[PDB]
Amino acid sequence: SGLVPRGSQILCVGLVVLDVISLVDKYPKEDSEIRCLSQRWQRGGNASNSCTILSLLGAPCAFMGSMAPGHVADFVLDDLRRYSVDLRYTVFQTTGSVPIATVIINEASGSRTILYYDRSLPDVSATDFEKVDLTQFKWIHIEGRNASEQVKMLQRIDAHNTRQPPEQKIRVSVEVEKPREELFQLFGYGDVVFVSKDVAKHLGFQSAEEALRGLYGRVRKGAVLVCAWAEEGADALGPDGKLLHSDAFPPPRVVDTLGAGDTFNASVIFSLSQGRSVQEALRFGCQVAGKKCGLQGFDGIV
């Protein structure tokens, strides 16, 4: 079958989530009873979905995430296997369970409304990451969660990199998606930093451009800051000071926006990993994300 060659995979570190998805014909009225058009299970979590898209795009990838044995684990693991995502670095846990997101998708508009049920699964630790043999990966993408622990991980990778020739340097990306103050440290790590519109608004920014000019001072020297802003497309700012923008590329009809953000992030990583410019990565990300929005789930993108 083949040993995985050095420096050949993209690693994504973060959460797996079970999405239990109900499609409805209009957004439910409070205290009413509505009939589901359909209902399905779908693997989710930001880093988990990134691997789906990377895979679909034809990038070898690996997922590192906590896991608990069980029926839900069986489903998300089996799904991860379907997309040939390398799972050697799954971290099994003896307490807690995989979280469940109950997702209401309104077919009127493609909107998605998420009721998140946390089930106490322990996060991947810095001492878990210490065990990872870095020779396997050309790019490591980290979904911000437990900051002080992830900082140690990012520090580990930077230290590896001080010992590597240019062909063997590991590119790093970070996602700051949840509006929690402890994630603010993460801006100062990584070659590419993704900040969400949600965090941007919570941090007092009115636009993507304002967010990027406002937060660029927090990134490490040389970093590219990326902020996606839904129907207003996506922007980026790198060390040259030039604000880059892509318009959104909506499909003719929006039916399912769940994981559109992850589709953007993964598409930007793919494009950059393939040696495209940041400008090109931005447009590709918005194009792939918009195509996804016209489809149920992820498969029809390729």
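The numbering used is simple: start at 1 and walk along the sequence shown.
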{"property": "Of 209-217 and 85-93, the stretch whose C-alpha atoms average the higher B-factor in the entry", "result": "209-217"}
{"property": "Average Cα temperature factor in the PDB entry - higher stretch of 276-284, 21-29", "result": "21-29"}
{"property": "Member of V226, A101, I104, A108 with the greatest C-alpha B factor (per the PDB record)", "result": "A108"}
{"property": "Selection by C-alpha B-factor (highest) of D118, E232, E143, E149", "result": "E232"}
{"property": "Chain thirds of CA B-factor: placement of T263", "result": "lowest"}
{"property": "For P239, the third of its chain into which the C-alpha B factor falls", "result": "highest"}
{"property": "Among modelled residues of the same chain, the CA temperature factor third for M67", "result": "lowest"}
{"property": "Where the record places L183 (Cα B-factor, split into thirds across the chain)", "result": "highest"}
{"property": "B-factor third for the C-alpha atom of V4 within its chain", "result": "middle"}
